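Colleague: My sequence and its experimental structure, below.
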Amino acid sequence: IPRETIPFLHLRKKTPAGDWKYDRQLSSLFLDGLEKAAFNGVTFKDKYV
Amino acid sequence: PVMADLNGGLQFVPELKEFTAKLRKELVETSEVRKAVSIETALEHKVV
Amino acid sequence: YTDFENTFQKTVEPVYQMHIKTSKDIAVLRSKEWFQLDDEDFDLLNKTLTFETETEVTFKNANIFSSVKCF
């Protein structure tokens, strides 16, 4: 992920002022999970939806 | 469209729920403790 | 008989059990000069206390004590 860039898919975090803003770390978590899914597939066993 | 903020700066206080709960709890605590202690002192004076 | 200056009494009181639930009870207890804890900082909240006391009184007359001591 380039610096000073917002990924098309990202997560946000709330600031003490109450507004949600892009968060590099949370978005990295989410995108890493998406990559792992695309490569190995994700399981949902024992999930009740 | 105009947006007027008449909140008197209250938005800058962090964790408003907890802050107000703390304020109210401290006030009720003071009131109840004082009342009960005064009642007990009155009873002890009346019995002594 | 009316020589109350010669009279004294000593009674062992019933054991009294108190369950400390709230900080109001702690405040009430600490207001009493006679409630003396060995460790002033003892945490009494959610504690059960038992008081095992004895009263020694002397009489000034039929209805009034000339001295009262509970310990």
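Modeller: Received the coordinates, thanks. Numbers count the residues shown, from 1 in each chain, chains lettered A, B, ... in the order given.
Colleague: which parts of chain B sit against chain C?
Modeller: B:29, B:32, B:33, B:36, B:37, B:40, B:41 (CB under 8 Å from any CB of the partner chain). C-beta here means a position set from N, CA and C on the backbone, and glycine is covered the same way.
Colleague: Is it correct that the third one falls within a helix?
Modeller: Yes - when DSSP: H, G, I helix; E, B strand; the rest coil is applied, residue B:33 is found to be in a helix.
Colleague: and whichever residue of chain C sits closest to chain B, helix, strand or coil?
Modeller: Closest residue of chain C to chain B, CB to the nearest CB: residue C:27 (4.4 Å). State at residue C:27, reduced to three classes by three-state DSSP: helix.
Colleague: now it, nearest residue through space, not along the chain?
Modeller: By the measure of CB to CB, 6 or more residues apart in numbering or on different chains, the closest residue to residue C:27 outside its immediate chain neighbours is residue B:33, 4.4 Å from it.
Colleague: give me every residue that touches the residue of chain C closest to chain B.
Modeller: Contact analysis of residue C:27 by CB atoms under 8 Å, 6 or more residues apart in numbering or on different chains lists B:33, B:36, B:37.
Colleague: Most proximal residue of chain A with respect to chain B?
Modeller: Of all residues in chain A, residue A:16 sits closest to chain B, at 5.6 Å by CB to the nearest CB.
Colleague: Phi, psi for that residue please.
Modeller: Per-residue torsions, residue A:16: phi -40, psi -20 (degrees, to the nearest 10).
Colleague: State the distance from it to residue C:22.
Modeller: Relative to residue C:22, residue A:16 is positioned 34 Å away (CB to CB, to the nearest Å).
Colleague: same deal with residue C:46?
Modeller: Between residue C:46 and residue C:22 the distance is 10 Å, computed by CB to CB.
Colleague: Who has more neighbours out of the two?
Modeller: Legend: neighbour count by other CB atoms under 10 Å in any protein chain shown for residue C:46 and residue C:22, higher for residue C:22 (14 against 9).
Colleague: what sits against that one?
Modeller: residue C:45.
Colleague: give me phi/psi at it?
Modeller: Phi and psi for residue C:22, reported as degrees, to the nearest 10, are phi -120, psi 170.
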